[PDB]
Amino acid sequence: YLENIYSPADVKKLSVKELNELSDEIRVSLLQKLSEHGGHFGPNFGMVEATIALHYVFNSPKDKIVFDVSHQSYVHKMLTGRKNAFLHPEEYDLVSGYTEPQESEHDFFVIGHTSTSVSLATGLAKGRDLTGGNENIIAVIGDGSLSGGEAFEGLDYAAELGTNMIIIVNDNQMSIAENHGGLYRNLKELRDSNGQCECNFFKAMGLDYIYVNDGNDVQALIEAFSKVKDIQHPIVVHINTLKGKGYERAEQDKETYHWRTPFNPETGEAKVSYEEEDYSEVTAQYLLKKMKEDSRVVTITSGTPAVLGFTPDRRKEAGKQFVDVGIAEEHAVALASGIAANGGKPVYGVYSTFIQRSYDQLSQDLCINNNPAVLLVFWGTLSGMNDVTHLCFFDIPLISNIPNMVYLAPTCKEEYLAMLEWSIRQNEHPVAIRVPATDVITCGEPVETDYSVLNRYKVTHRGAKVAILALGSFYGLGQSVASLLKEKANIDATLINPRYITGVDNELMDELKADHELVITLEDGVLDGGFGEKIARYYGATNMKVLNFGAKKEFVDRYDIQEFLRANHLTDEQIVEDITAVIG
């Protein structure tokens, strides 16, 4: 039946007995693509019956559906014209892993971050209302995403529309790990009272409410969804789904199966089984030790403990000293700041792309008060996650231009661990550390253990004519540029490990004027608002020439990394070529 689904109209042609068979067909096809190609396993298997019912009852694209995150919209794409991308291995990559309007009229937003569906959906509804449309507007949002303040604001506003607004809460009792927040006790009393409970968070927020206990039964959902169709006021449809339904291993281990690398369908084991530790593992190793020796130390995550190497066992080990605040980046920062104000030693670890949510809290809650909380920022690089919503391109311009902030850029493992140890020990600054997005590199030479004199860059090779400031993960690159500059142009360049993203070594920059005419900067991130521009500004009235290397200010999506680097001149021979072109 699935081979003949080209739009929601074809879904409406089926009998209910046929809808159930289609559910099976979808799961078979998902099992193949997801085991071969990786992806969000649990969220999509759990969403099968609700997506069929959604496109059975509603008339997309007049009616519009918005998924929170969109990591769970595979079945949506499967039923709106993109099935061939899931049935034929040769076409696995013809769709992104998130919603995309360029692919389909059935997709209204590129979405990857959490708790944004409800807000964007109310945008659609208000737009309808101002222009006299009459379509249904649906947001689909996970129970974990409910912990984000943007979703609270969206619900708050939705309760005021006075018009059609449909909010499907997909309650599978799981975020990535387990949920956290007192709200989840409310969700729970409601499931147990079959939606009957008087004290209802959603009703307290001003909204109407209905509950569906069998979130994996096409009939129940069609029933539910038909009841709310063409409704004229805001309503919540709270449904209970079983995360990863239809695949035993997923049902028994929900955290592991939220996202899988390619694996064996029969055993569930990954296809490539060797792994060497990454900086996440290291970091978990360090904090479990420190937290044992020093009861003031507390590790914090916003719904992504794995970014800190914190398996369910390790969380258990850490007990009261490991905190998961839900998907609430804003709060994580203010919490860290208050902890540090009343004698605790907080360490908040977060992805670069997600820390984008907390600019004002970093600035006001944290830095105005100058509290010594520690922030670890992971995966900041131009060569990592490469879909547009998860681009870790912007943390240097996000963070490094805030007053009072100290942002450190380690280049190797012992240095990373030394700044982190010093971070916890000091009491004078908020400290953020850009965890290197590389394999774990051994420093091989003893490293400074005190970073209290700010903005001292470390010369690692005395040279002349050209100086290279190779920041963080791009130290390796500065090293290769040094070699190739020597072998092809016989320039012996000064190589510099800057360490401090948040300031300029004025005195060294001055000393370089003597035996150098060109300084270049390499940074693993976008150029606008980043580190290199400060160097350009410092030399602006002097006879020192400067080149800045990094990523251009532009969105890119599922790109080839070799290209993107070359396109931005981030290769050793492109850099040396540019130097000589400037020198002569």
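From 1 onward, residues are counted along the sequence shown.
Asker: Comparing 363 to 371 with 282 to 290, where is the mean C-alpha B-factor higher?
Answerer: In the deposited entry, the stretch with the higher C-alpha B-factor mean is 282 to 290.
Asker: Averaging CA B factors per stretch from the PDB record, which one is higher: 511 to 519 or 528 to 536?
Answerer: Taking the mean C-alpha B-factor of 511 to 519 and of 528 to 536, the larger value falls to 511 to 519.
Asker: Comparing recorded Cα B-factors across 143, 100, 156, 189, which one is largest?
Answerer: Out of 143, 100, 156, 189, the record gives the largest C-alpha B-factor to 189.
Asker: According to the deposited entry, which of 238, 233, 429, 245 has the largest Cα B-factor?
Answerer: By C-alpha B-factor in the record, 245 ranks first.
Asker: For residue 450, does the deposited CA B-factor place it in the lowest, middle or highest third of the chain?
Answerer: Answer is highest: the recorded C-alpha B-factor places it there.
Asker: Please say which third, lowest, middle or highest, residue 88 falls into when its CA temperature factor is compared across its chain.
Answerer: Its C-alpha B-factor, which the entry lists for residue 88, ranks in the highest third among residues of this chain.
Asker: Where does the C-alpha B-factor of residue 379 rank in its chain, lowest, middle or highest third?
Answerer: Middle third, going by the recorded CA B-factors of the chain.
Asker: Taking only the Cα B-factors deposited for this chain, tell me whether residue 44 sits in the lowest, middle or highest third.
Answerer: Lowest third - that is where residue 44 ends up once the chain's C-alpha B-factors are sorted.
Asker: How does residue 264 rank on Cα B-factor within its chain, lowest, middle or highest third?
Answerer: Highest third of the chain for residue 264's C-alpha B-factor.
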